[PDB]
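Residue numbers (the numbering used here), protein chains in the order written: chain A, 8 to 108; chain B, 89 to 187; chain C, 1277 to 1414; chain D, 2 to 121; chain E, 2 to 195; chain F, 63 to 226; chain G, 1375 to 1392; chain H, 16 to 147.
Each remark here refers to the structure printed beneath this line.
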Amino acid sequence: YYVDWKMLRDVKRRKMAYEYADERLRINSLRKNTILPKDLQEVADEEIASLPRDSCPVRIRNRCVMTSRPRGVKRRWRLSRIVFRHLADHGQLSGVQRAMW
Amino acid sequence: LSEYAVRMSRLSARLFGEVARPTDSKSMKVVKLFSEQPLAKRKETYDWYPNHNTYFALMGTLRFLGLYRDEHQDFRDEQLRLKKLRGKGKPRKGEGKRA
Amino acid sequence: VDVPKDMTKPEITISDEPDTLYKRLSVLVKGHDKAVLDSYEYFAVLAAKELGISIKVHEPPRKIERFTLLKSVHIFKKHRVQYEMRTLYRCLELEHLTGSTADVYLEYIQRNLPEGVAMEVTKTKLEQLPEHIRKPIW
Amino acid sequence: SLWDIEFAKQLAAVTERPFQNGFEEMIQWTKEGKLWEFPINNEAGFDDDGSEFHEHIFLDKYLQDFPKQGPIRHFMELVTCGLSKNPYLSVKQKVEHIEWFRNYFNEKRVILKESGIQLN
Amino acid sequence: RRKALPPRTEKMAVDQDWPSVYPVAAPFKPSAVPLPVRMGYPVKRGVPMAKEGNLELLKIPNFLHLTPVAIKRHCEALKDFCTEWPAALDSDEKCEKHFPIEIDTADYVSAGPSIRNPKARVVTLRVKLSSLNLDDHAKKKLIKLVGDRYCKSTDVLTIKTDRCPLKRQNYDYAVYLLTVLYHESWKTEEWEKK
Amino acid sequence: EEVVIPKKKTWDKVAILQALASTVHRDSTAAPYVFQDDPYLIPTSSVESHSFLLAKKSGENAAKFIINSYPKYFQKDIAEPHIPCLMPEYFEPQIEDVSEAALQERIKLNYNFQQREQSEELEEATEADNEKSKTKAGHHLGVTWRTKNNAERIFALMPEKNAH
Amino acid sequence: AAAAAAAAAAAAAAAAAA
Amino acid sequence: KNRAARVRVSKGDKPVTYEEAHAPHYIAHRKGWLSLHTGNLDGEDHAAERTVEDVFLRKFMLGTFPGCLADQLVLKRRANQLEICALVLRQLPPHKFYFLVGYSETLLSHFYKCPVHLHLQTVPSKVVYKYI
RNA sequence: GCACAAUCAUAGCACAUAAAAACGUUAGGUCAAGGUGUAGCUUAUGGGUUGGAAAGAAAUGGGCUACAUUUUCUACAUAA
Ligand SMILES: [Mg+2]
Ligand SMILES: [Mg+2]
Ligand SMILES: [Mg+2]
Ligand SMILES: [Mg+2]
Ligand SMILES: [Mg+2]
Ligand SMILES: [Mg+2]
Ligand SMILES: [Mg+2]
Ligand SMILES: [Mg+2]
Ligand SMILES: [Mg+2]
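Next comes the structure, spelled out in structure tokens:
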């Protein structure tokens, strides 16, 4: 299984964002411009709204990989602030040490 | 700003491959959107969580085939065995509320 | 006493294509500790003096990344835990190298490169002029 | 011919041997494909379909099916510049984006005629 | 039934070649190292731990395969693959007169399954404008055409290309940029009269 | 006329590595590299040396069998060069209805190759002289009455080429 | 306002950029 | 009181190893890192891709060698091939040790698409550093 | 022997800082980082979709702006 149902849903959110990333990337070019008339922009707005909800990368939440904690997770290690300590104080990550200056 | 300068800039943009004709800053969003990789397509984004299903399935298959020995799963199974021996197990689906 | 005989059998051919020349080969080695970097510097100097490379070695400044996290689990913000990541740098400046020499040197270096360090290679490829610029008239 | 493979496996039976040296352990893996090619170059194994810079940067050849003096060219020059400044995508994906825009604008014909600017 | 075999220390010869025992990178197996080494923080009454089962001796990288003897033995056989450097280009003054164009190309290494590094696509081209055949107006036009990429104090033009994915494609784009700039620096159009 | 540009030397991917291998010869007090250097695992006698290699190979082929039995746990590729030798193998054909597509998949993967012949002959399908040669070779490589039953299937059904 | 004509295909064929 | 990676003081009879006998503030001072790679550098990337594979192997080897593993693993990462150094007790027969090492070198390599080396060092018992 | 001390880090000493501070008291905080014994759910205290999660009668903790002339604005290293 996964860590939590929240993480299971977030995986599907990321998958749907990767699936419909091209369509939104092509449609937003019709809205974020000022050369083309607004008549087609108002239609492109409805078209991109007709897309499924989980297709936008905005619903993607950066959780942890080990415990799927919704907050307090570094972006480089993708680990929670507590699992990162539990591993660093064990010494399974190179270069990490107690800051002493 | 002079005509010679604006013509020199228009030629420099055409040679370097930038936008030659004058455009407002609002129209450069669609330029950047194709010049950079979208968020949902980045590897660090779309490959954030590895396949925990693959992890669990591989570990369980190895445990059942006799190569991996999961102490936590053995503890769970021993505790469930002791609980069912004591008399409080998991009810069958459909007889918990009515029956 | 029992030494194997006829152990040499290489495949080296001389191609008619002119070898590429290089002006400066910069090697930026980043690591965590200084002992590995010093051993690697000694190894590189010993490997370069045999080949006649005249390597110039200086120590670039270090870079330390520090980050602060909570100390307890649920609610304790006045008490923190600070972690540190050091990065020590070594600059190996090679000059007057050829294509085959640079290839064999980089091979012998990256085959024995340690596990705890990384290496960035910056090459100064020499070239005189392309064909459409020597003396063209539109 | 299966007999050729039968002879090749019988040759390999006397050719292969358990590794007696770490040098041989690396030689076999390099010949098979496990070890990397030294010196380590960050583009080993990726040829990008043998394309060149004229297939990536110069993309004006795909905008012929558009009105030149209309706002369509003003809109598509930005897309062309963005695709030329994108080292992440290949040539076929940019061609597919251009074709998507082509067929979208060719399917939506009533909106461009209603907007007041004549487009084909 | 448990069997205890003595290590290689009792069989190591004092004149034995060490690269024959440690040719390549090893995890520092204490069974093949006849040197008694003690690593670790000692005790108030104790001594540093022995080499047998010492985790700190496996934590640290070993250079036993890179002793000076092995370094010389390996570098002696590498004289066949290398070529000779032209002694007529020792000073950079003649190097600039012969090969004025400098091509900076970055290459990175990293341990792991991935090799692709997006920092490797950048290609720099440095050209000294004092080694070309531009006229006065051609140089004055090239300055305003390249903009800030030309250092007036150093008299060097720097073109940093990163638009092409492949390094060879960026190199071709850089040489095309140099060619098209050298060609356009001479064309006097209608707007140059004003 | 004053410039000097020599020629380059082209070598193989492992030529320089064999050049280094030629520098170090066989060690005297060293155990064979396939065995582990730990004294508890160093082979004492010839029977132990013969047994340890078989024990290691019995784990290697066991892991290979597990990979072949569960390919879905190894489909994810992380390495950039995409080493194909580290990919799981598949022992099932691609098409089961087309006899001409099932024969070419069953000749390369004994009993199934012979059953595919009957499955092809049941539909009154005319087999050429190319698939039959490999079908007969798949049996002549592995495998008395069945030999004659298949050898009659070489001439009585279709005039297979003498070269095959 | 005014636009200057740029020889694109000509420069491409001249500098092998087509 | 700090508890992270710190074993508390018993009556004076428990055996502790050189790693557990040192508080977490001694990393890079007296004890070294159990894992070595390039992801934890300044201008480098892939910090989590190696960390998840490190934790997976920490669990995999612990489940593969139960009761006979003395201390933690040493995970070196050097030029596309990863080395796993282990201190194992000589409880299992050499044939069962070779079976497992040959199974691991063929399973993990195909599971992570990268060459793996597995080195085993047999100790008679857990080496005790402090009081026992 | 564990604490203290010394040593280590703030790339030279000393200093200072940092780091460390055992055994225990507060049945102190954390079943909501994570796993958990016991006691409870299984057509639901489980798994999904959509919409809302206000607002201030009133009190209070901590910060920012100031209540000016040692001030405000302008160009500006500080002589306007
Ligand atoms: Mg949970
Ligand atoms: Mg102290
Ligand atoms: Mg000091
Ligand atoms: Mg003091
Ligand atoms: Mg303190
Ligand atoms: Mg309480
Ligand atoms: Mg209280
Ligand atoms: Mg609760
Ligand atoms: Mg829980």
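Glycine included, every Cβ here is placed at the ideal spot set by N, Cα and C.
Please identify the residue among the options whose C-alpha is closest to the C-alpha of residue i.
{"i": "E:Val157", "options": "E:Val15, E:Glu103, E:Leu6, E:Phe29", "result": "E:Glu103"}
{"i": "H:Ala94", "options": "C:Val1393, C:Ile1329, C:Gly1328, C:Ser1348", "result": "C:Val1393"}
{"i": "E:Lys12", "options": "E:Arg3, E:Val34, E:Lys73, E:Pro20", "result": "E:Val34"}
{"i": "G:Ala1379", "options": "B:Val94, B:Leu99, B:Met147, B:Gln125", "result": "B:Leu99"}
{"i": "E:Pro37", "options": "E:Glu190, E:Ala26, E:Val44, E:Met50", "result": "E:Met50"}
{"i": "G:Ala1391", "options": "E:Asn55, E:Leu178, E:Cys83", "result": "E:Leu178"}
{"i": "C:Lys1306", "options": "C:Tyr1381, C:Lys1339, C:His1408", "result": "C:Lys1339"}
{"i": "E:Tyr174", "options": "D:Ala9, D:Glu56, D:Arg110", "result": "D:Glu56"}
{"i": "B:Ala93", "options": "E:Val181, E:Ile144, E:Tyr151", "result": "E:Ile144"}
{"i": "C:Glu1317", "options": "C:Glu1293, C:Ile1351, C:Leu1364", "result": "C:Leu1364"}
{"i": "E:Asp93", "options": "C:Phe1343, C:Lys1299, C:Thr1284, C:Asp1282", "result": "C:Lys1299"}
{"i": "E:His66", "options": "D:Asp48, D:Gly23, D:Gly34", "result": "D:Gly23"}
{"i": "E:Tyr109", "options": "D:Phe76, D:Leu60, D:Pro40", "result": "D:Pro40"}
{"i": "H:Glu68", "options": "E:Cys76, E:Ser154, E:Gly113", "result": "E:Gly113"}
{"i": "H:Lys91", "options": "A:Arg60, A:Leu100, A:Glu49, A:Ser62", "result": "A:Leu100"}
{"i": "C:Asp1309", "options": "C:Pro1412, C:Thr1400, C:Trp1414, C:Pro1390", "result": "C:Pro1390"}
Would you say residue i touches ligand 1, meaning its beta carbon is less than 8 Å from a heavy atom?
{"i": "H:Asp69", "result": "no"}
{"i": "A:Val90", "result": "no"}
{"i": "A:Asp11", "result": "yes"}
Q: With 7 Å as the C-beta to C-beta threshold (strictly closer), list the residues of the stretch 81-115 of chain D near chain B in chain order.
A: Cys82, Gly83, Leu84, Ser85, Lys86, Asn87, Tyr89
Q. Looking at chain A, which residues of the stretch 151-178 of chain B have a Cβ within less than 8 Å of any of its Cβ atoms?
A. none
Q. Of all the beta strand (DSSP E) runs that stay within the bounds of the stretch 140-171 of chain E, which reach a length of 3 or more residues?
A. 157-162
Q: Count the CB pairs spanning the stretch 77-95 of chain H and the stretch 150-165 of chain B that are closer than 8 Å, and state whether there are at least three.
A: yes
Q.
Using a Cβ-Cβ cutoff of 9 Å, what residues of the stretch 52-81 of chain H are near chain C? List them in chain order.
A. For chain C, the residues of the stretch 52-81 of chain H that bring a beta carbon within less than 9 Å of one of its beta carbons are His52, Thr53, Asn55, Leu56, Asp57, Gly58, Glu59, in chain order.
Q. Listed from N- to C-terminal order along the chain, which residues in the stretch 72-86 of chain A have their beta-carbon within a distance smaller than 8 Å of any beta-carbon of chain H?
A. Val72, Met73, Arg83, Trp84, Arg85, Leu86
Q) When Cβ atoms are compared, which residues of the stretch 92-115 of chain F fall closer than 8 Å to chain D? A) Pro94, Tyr95, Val96, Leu115
Q.
Any C-beta of chain H within less than 8 Å: which residues of the stretch 66-95 of chain F qualify?
A. none
Q: Entirely within the stretch 51-119 of chain D and at least 4 residues each: give me those alpha helix (DSSP H) ranges in chain order.
A: 54-57, 72-85, 92-108, 111-115
**Q.** alpha helix (DSSP H) runs contained entirely in the stretch 18-69 of chain E, provided each spans 4 or more residues
**A.** Secondary structure within the stretch 18-69 of chain E: the alpha helix (DSSP H) runs of 4 or more consecutive residues, fully enclosed, are 19-22, 56-60 (chain order).
**Q.** Sequence ranges, alpha helix (DSSP H) only - wholly within the stretch 48-73 of chain A, length at least 4
**A.** As far as the stretch 48-73 of chain A is concerned, it has no whole alpha helix (DSSP H) run of at least 4 residues.
Q: Report yes or no: do the stretch 36-47 of chain D and the stretch 108-122 of chain E share at least 3 C-beta pairs separated by less than 8 Å?
A: yes
Q) Taking any Cβ of chain H, which residues in the stretch 1373-1393 of chain C have a Cβ under 9 Å from it, in chain order? A) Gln1386, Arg1387, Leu1389, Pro1390, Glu1391, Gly1392, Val1393
(Q) Beta carbons nearer than 8 Å to chain E: which residues of the stretch 1285-1299 of chain C have them? (A) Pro1286, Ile1288, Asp1295, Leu1297, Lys1299
Q.
Taking contact to mean 3 or more Cβ pairs, one atom from each stretch, closer than 8 Å, check whether the stretch 30-45 of chain H and the stretch 126-143 of chain B are in contact.
A. Because the criterion of three Cβ pairs below 8 Å is not met, the stretch 30-45 of chain H and the stretch 126-143 of chain B do not touch.
(Q) Which residues of the stretch 1340-1356 of chain C have a Cβ closer than 7 Å to any Cβ of chain A? Give them in chain order. (A) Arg1342, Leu1345, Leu1346, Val1349
Q: Select from the stretch 134-156 of chain F all residues with a C-beta closer than 7 Å to any C-beta belonging to chain B, and list them in chain order.
A: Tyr135, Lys138
(Q) With three or more beta-carbon pairs closer than 8 Å as the criterion, would you say the stretch 111-119 of chain B touches the stretch 68-79 of chain F? (A) no
Q: Report yes or no: do three or more beta-carbon pairs, one from the stretch 1285-1305 of chain C and one from the stretch 1339-1352 of chain C, lie closer than 8 Å?
A: no
Q) How do the stretch 116-131 of chain F and the stretch 101-118 of chain H stand: do at least 3 beta-carbon pairs fall below 8 Å, yes or no? A) yes
**Q.** 4 or more residues per run - each alpha helix (DSSP H) lying fully within the stretch 63-145 of chain F
**A.** Counting only unbroken stretches of 4 or more residues, the alpha helix (DSSP H) elements lying wholly within the stretch 63-145 of chain F are 77-83, 108-131, in sequence order.
Q) Going along the stretch 27-49 of chain A in order, which residues come within less than 7 Å of chain H, judged by CB to CB distance? A) none
Q. Taking Cβ-Cβ distances below 8 Å as the criterion, which residues of the stretch 19-32 of chain D are in contact with chain F?
A. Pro19, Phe20, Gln21, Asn22, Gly23, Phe24, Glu25, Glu26, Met27, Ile28, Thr31, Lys32
Q) Do three or more CB pairs link the stretch 17-31 of chain E to the stretch 56-72 of chain A at distances below 8 Å? A) no
Q.
If contact is defined by three or more beta carbon pairs under 8 Å, each pair taking one atom from either stretch, is the stretch 21-34 of chain A in contact with the stretch 72-89 of chain A?
A. no
**Q.** Contact the stretch 84-95 of chain F vs the stretch 120-134 of chain H: 3+ CB pairs below 8 Å
**A.** no
Q: Check whether the stretch 1358-1378 of chain C touches the stretch 38-48 of chain E, taking contact to mean three or more Cβ pairs, one atom from each stretch, closer than 8 Å.
A: no
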